[PDB]
Amino acid sequence: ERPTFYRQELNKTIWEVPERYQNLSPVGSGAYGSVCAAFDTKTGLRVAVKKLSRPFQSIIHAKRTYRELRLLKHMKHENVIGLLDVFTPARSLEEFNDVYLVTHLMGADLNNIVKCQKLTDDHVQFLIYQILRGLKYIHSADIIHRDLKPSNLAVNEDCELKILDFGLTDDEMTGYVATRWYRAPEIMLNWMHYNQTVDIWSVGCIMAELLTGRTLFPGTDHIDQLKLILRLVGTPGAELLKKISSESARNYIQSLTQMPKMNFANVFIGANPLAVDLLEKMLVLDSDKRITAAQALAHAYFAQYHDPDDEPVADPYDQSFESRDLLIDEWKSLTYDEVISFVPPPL
Ligand SMILES: Cc1ccc(C(=O)Nc2cccc(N3CCOCC3)c2)cc1-c1ccc2c(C3CCNCC3)noc2c1
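Residues numbered from 1 in each chain as written, not as in the entry; some residues may be left out. Heavy atoms only, no water.

Method information in the entry identifies X-ray crystallography as the source of the structure, with 2.000 Å recorded as the resolution.

Structural data, given as structure tokens:
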């Protein structure tokens, strides 16, 4: 049965939501949507409700909407954001125009943690362990995050962590900006077809920052950031160079004065030697040679937390739609089907 909906205006946006959701309060806004904290009187949960902005305005938007809903419907893991509810006030496909996504409400992110709290090695162990546990799951579904950074990691009072994407442009990657500091170099400079290993670079950057309290590669721009990276990990060898399929990027990087990999024990002074070893295995320029999430979970750094019987993989995820070309109304109808077939988390 369809719940009763009620309307309010929230910062010149109409919100039409089921009665069960009360105390809506704006908490984040951007081009692709806006978010309210709410109270789900049905479950007694504090929730976030995201109203997608212009979900079907173009083929690109419509496909992105379908993409996010498919992803959130699939993700069922303790360290990965999941979907409590999805709804539309529309009574039919014909009048369908708005999509609302409901999740648990997150409190602090890892930026807040790193900026305000000081982290012991045990804290770093636990936090990184949970990122990798979540990544193992996400990667098993052949989902790449591509934008892992402290602001996309939510951490509760008990130091329990969830991976999400709060993403709501070339300009946005420009300059001295945290939007670029955690990106794998192959994606930052469009070196080649990239894959899930990009996320492991990001984890290396986050981990280093938990250990030092400071950004690892706070580049003032793409080139300055590359120079910071190469100063630490060394300039690429011939083997990696032949893998850089962009002939332009390859020729640029070859123009740089060769530099050796630095001693990581002298960069991360006082750090657990096992953390040093792990960082060396994550922060490898050749993405083919980076440690994977599944491999990293078995690294001795995580001995206290690693449980091979409680590090689950995802159910098969069909993303054949990614290579499909459809019209707006066809993406819209697929998205509609997914809204009406949603089944909330049990108990
Ligand atoms: C409501 C909502 C819906 C969807 C998403 C959301 O994370 N969507 C999304 C989109 C694309 C990719 C992924 N991935 C995550 C897992 O890794 C693979 C890729 C996830 C996120 C939220 C969301 C947004 C804001 C908040 C907040 C606020 C954050 C800002 N301050 C107050 C709380 N709490 O909880 C929230 C959930």
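Asks: Help me understand the sheet that holds strand β10 (residues 161-163), please; the structure alone is not making it clear to me.
Replies: Adjacent strands of a sheet pair through backbone hydrogen bonds, lying either parallel or antiparallel. Taking strand neighbours across the sheet as the criterion, the three strands line up as β8-β9-β10 in an open arrangement whose pairing is antiparallel. Each edge of the open sheet is held by one strand with a lone partner, namely β8 (108-109) and β10. Pairing between β8 and strand β9 (residues 153-155): two bridges, direction antiparallel. Among the inter-strand pairings, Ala108 is bridged to a residue of β9, identified as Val155. Where helix α3 (residues 121-140) meets the sheet, it contacts β9 and β10, and its direction lies at approximately 35 degrees from that of β10. (Pairing = 2+ DSSP bridges. Helix = DSSP H or I, 4+ residues; strand = E, 2+ residues; numbered from the N terminus. Contact = heavy atoms within 4.5 Å. Axes fitted to C-alpha atoms, helices over the stretch in contact; angles between N-to-C directions.)

Asks: Where do I start with the pairing of strand β7 (residues 100-104) in this structure?
Replies: Successive side chains on a regular strand alternate, one facing one side of the sheet and the next facing the other. Within β7, four of the five residues are buried, leaving the element largely enclosed by the surrounding structure. Here strand β5 (residues 45-52) pairs with β7 via five bridges, running antiparallel. Directly across from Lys51, in β7, lies its bridge partner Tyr100. As defined by bridge partners, strand β6 (residues 85-87) adjoins β7 across three bridges and the pair is classed as antiparallel. Note on β7: the bridge partner recorded for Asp85 is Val102. (Buried < 20%, exposed > 50% of the residue type's maximum accessible area, 1.4 Å probe, protein only.)

Asks: Looking at this structure, how should I read the site of the ligand?
Replies: Residues in contact with the ligand amount to 21 residues; listed here are only the nearest, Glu68, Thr103, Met106, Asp165 and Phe166. Between the ligand and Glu68, the relevant distance is 2.9 Å, taken from a nitrogen atom to a side-chain nitrogen or oxygen of the residue. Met106 places a polar main-chain atom, nitrogen or oxygen, 2.9 Å from a nitrogen atom of the ligand. In isolation the ligand offers 760 Å² of accessible surface; the protein chains occlude 85% of this area. Considered class by class, the residues forming the shell around the ligand number 15 nonpolar, three polar and three charged. Residue assignment places the shell around the ligand across two domains, with domain 1 (1-107 + 314-343) and domain 2 (108-313) each supplying three or more. (Near = heavy atom within 4 Å. Polar contact = N/O pair within 3.5 Å; in protein donor to acceptor, adjacent residues only side chain to side chain. Areas by Shrake-Rupley, 256 points an atom, 1.4 Å probe, with all protein chains shown as cover. Nonpolar A, V, L, I, M, F, W, Y, C, P; charged D, E, K, R; others polar. Domains from an automatic or database assignment.)

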